[PDB]
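Trainee: Have a look at the structure that comes next, please.
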Amino acid sequence: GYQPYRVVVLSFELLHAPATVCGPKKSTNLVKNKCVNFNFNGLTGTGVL
Amino acid sequence: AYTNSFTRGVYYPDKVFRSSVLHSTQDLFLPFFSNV
Ligand SMILES: *[C@@H]1O[C@H](CO)[C@@H](O)[C@H](O)[C@H]1NC(C)=O
């Protein structure tokens with residue numbers, strides 16, 4: 001009951017700082033001035049730009 | 001040769017930016033009118 005794994009950990013932070021880290025997908029180009037939803041850098045919302 | 005504080009140790013609490021926000025906080029901060 002002590003077979004080997006070398007423990008591994010999560011990393012995670014709650015908005016308290018600059019945004020820098022996520023695995024890039026298509027990474028679209030932005031529009032403006034038309035109430036459209038955004039998943040902006042992971043932080044999401046709808047409204048205008 | 002101690003020396004009293006008037007107004008020191010005032011720092012925006014985190015990288016976040018509030019804007020015209022009469023806000024409040026609490027963490028390890030500077031006691032006021034204390035003597036350094
Ligand atoms: C600050 O506090 C110390 C400790 O009681 C006191 O001796 C001093 O007179 C006070 N005022 C100063 C340093 O201006």
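Residue numbers start at 1 in each chain; chains themselves are named A, B, ... in the order of the structure tokens; ligands are numbered from 1 in the order shown.
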Residues within 10 Å of residue 47 (chain A), please, as a PyMOL selection string. Count only C-alpha atoms; anything in the same chain fewer than 5 positions from it doesn't count.

Mentor: chain A and resi 33-38

Trainee: Could you take the residues named above and write them with N, CA, C and O atoms, as a PDB file, in the first residue's frame?

Mentor:
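Contents of selection31.pdb, as written:
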```pdb
ATOM      1  N   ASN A  33     -17.812  47.885 -30.404  1.00  0.00           N
ATOM      2  CA  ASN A  33     -18.969  48.736 -30.657  1.00  0.00           C
ATOM      3  C   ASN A  33     -20.203  48.002 -31.164  1.00  0.00           C
ATOM      4  O   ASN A  33     -21.015  48.582 -31.887  1.00  0.00           O
ATOM      5  N   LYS A  34     -20.370  46.747 -30.764  1.00  0.00           N
ATOM      6  CA  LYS A  34     -21.558  45.962 -31.061  1.00  0.00           C
ATOM      7  C   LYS A  34     -21.710  44.941 -29.947  1.00  0.00           C
ATOM      8  O   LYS A  34     -20.864  44.059 -29.797  1.00  0.00           O
ATOM      9  N   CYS A  35     -22.727  45.155 -29.108  1.00  0.00           N
ATOM     10  CA  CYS A  35     -22.996  44.307 -27.915  1.00  0.00           C
ATOM     11  C   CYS A  35     -22.829  42.822 -28.249  1.00  0.00           C
ATOM     12  O   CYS A  35     -23.845  42.181 -28.585  1.00  0.00           O
ATOM     13  N   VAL A  36     -21.603  42.294 -28.160  1.00  0.00           N
ATOM     14  CA  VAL A  36     -21.426  40.876 -28.413  1.00  0.00           C
ATOM     15  C   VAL A  36     -20.666  40.278 -27.248  1.00  0.00           C
ATOM     16  O   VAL A  36     -19.858  40.954 -26.605  1.00  0.00           O
ATOM     17  N   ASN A  37     -20.949  39.021 -26.959  1.00  0.00           N
ATOM     18  CA  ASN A  37     -20.302  38.346 -25.851  1.00  0.00           C
ATOM     19  C   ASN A  37     -18.821  38.167 -26.134  1.00  0.00           C
ATOM     20  O   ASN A  37     -18.401  38.046 -27.286  1.00  0.00           O
ATOM     21  N   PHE A  38     -18.035  38.160 -25.067  1.00  0.00           N
ATOM     22  CA  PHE A  38     -16.602  37.940 -25.110  1.00  0.00           C
ATOM     23  C   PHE A  38     -16.227  36.934 -24.039  1.00  0.00           C
ATOM     24  O   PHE A  38     -16.840  36.892 -22.968  1.00  0.00           O
TER      25      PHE A  38
END
```

Trainee: Could you write out as a ChimeraX atom specification the residues of chain B within 10 Å of chain A, counting only C-alpha atoms?

Mentor: /B:13-17

Trainee: How would you report the residues lying within 10 Å of ligand 1, as a ChimeraX atom specification, if you count only C-alpha atoms and all ligand atoms?

Mentor: /B:1-5,33-36

Trainee: Using C-alpha atoms, can you write the selected residues to a file as a tab-separated table (two decimals), in the first residue's frame?

Mentor:
```
chain	number	residue	atom	x	y	z
B	1	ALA	CA	15.03	58.88	19.41
B	2	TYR	CA	11.63	57.65	18.27
B	3	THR	CA	9.50	59.55	15.77
B	4	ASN	CA	5.71	59.57	15.27
B	5	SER	CA	3.90	58.75	12.04
B	33	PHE	CA	-0.10	57.63	14.25
B	34	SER	CA	2.41	55.18	15.64
B	35	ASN	CA	5.99	56.12	16.30
B	36	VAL	CA	8.65	54.51	14.11
```

Trainee: Separation of CA of residue 8 (chain B) and CA of residue 24 (chain B), in Å?

Mentor: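 Straight-line distance from CA of residue 8 (chain B) to CA of residue 24 (chain B) works out to 17.5 Å.
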
Trainee: Any idea what's packed within 12 Å of residue 27 (chain A), counting only C-alpha atoms, ignoring anything in its chain fewer than 4 positions away? Could you give it as a VMD selection string?

Mentor: chain A and resid 22 to 23 38 to 42

Trainee: Go ahead and dump the residues you just picked, N, CA and C atoms, as a PDB file, in the first residue's frame.

Mentor:
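Resulting contents of result.pdb:
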```pdb
ATOM      1  N   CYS A  22      -2.703  30.810 -20.094  1.00  0.00           N
ATOM      2  CA  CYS A  22      -3.638  29.771 -20.521  1.00  0.00           C
ATOM      3  C   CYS A  22      -3.245  29.212 -21.878  1.00  0.00           C
ATOM      4  N   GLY A  23      -3.554  27.925 -22.071  1.00  0.00           N
ATOM      5  CA  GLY A  23      -3.186  27.190 -23.260  1.00  0.00           C
ATOM      6  C   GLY A  23      -3.915  27.680 -24.492  1.00  0.00           C
ATOM      7  N   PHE A  38     -18.035  38.160 -25.067  1.00  0.00           N
ATOM      8  CA  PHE A  38     -16.602  37.940 -25.110  1.00  0.00           C
ATOM      9  C   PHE A  38     -16.227  36.934 -24.039  1.00  0.00           C
ATOM     10  N   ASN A  39     -15.211  36.138 -24.328  1.00  0.00           N
ATOM     11  CA  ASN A  39     -14.659  35.227 -23.340  1.00  0.00           C
ATOM     12  C   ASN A  39     -13.287  35.771 -22.999  1.00  0.00           C
ATOM     13  N   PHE A  40     -13.258  37.078 -22.775  1.00  0.00           N
ATOM     14  CA  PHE A  40     -12.075  37.910 -22.907  1.00  0.00           C
ATOM     15  C   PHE A  40     -11.001  37.446 -21.933  1.00  0.00           C
ATOM     16  N   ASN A  41     -10.001  36.757 -22.489  1.00  0.00           N
ATOM     17  CA  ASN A  41      -8.831  36.253 -21.771  1.00  0.00           C
ATOM     18  C   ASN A  41      -9.224  35.253 -20.689  1.00  0.00           C
ATOM     19  N   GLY A  42     -10.345  34.569 -20.903  1.00  0.00           N
ATOM     20  CA  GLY A  42     -10.923  33.697 -19.908  1.00  0.00           C
ATOM     21  C   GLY A  42     -12.003  34.336 -19.057  1.00  0.00           C
TER      22      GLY A  42
END
```

Trainee: Could you list, as a list in words, every residue within 12 Å of residue 29 (chain B), counting only C-alpha atoms and ignoring same-chain residues fewer than 2 positions away?

Mentor: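 Selected residues are residues 8, 9, 10, 11, 12, 13, 25, 26, 27, 31 and 32 of chain B.
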
Trainee: So the first atom is CA of residue 44 (chain A) and the second is CA of residue 30 (chain A); what is the distance between them in Å, to one decimal place?

Mentor: 13.7 Å

Trainee: If you measure from CA of residue 11 (chain A) to CA of residue 29 (chain A), what distance in Å do you get, rounded to one decimal?

Mentor: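 Calculated distance between CA of residue 11 (chain A) and CA of residue 29 (chain A) is 28.2 Å.
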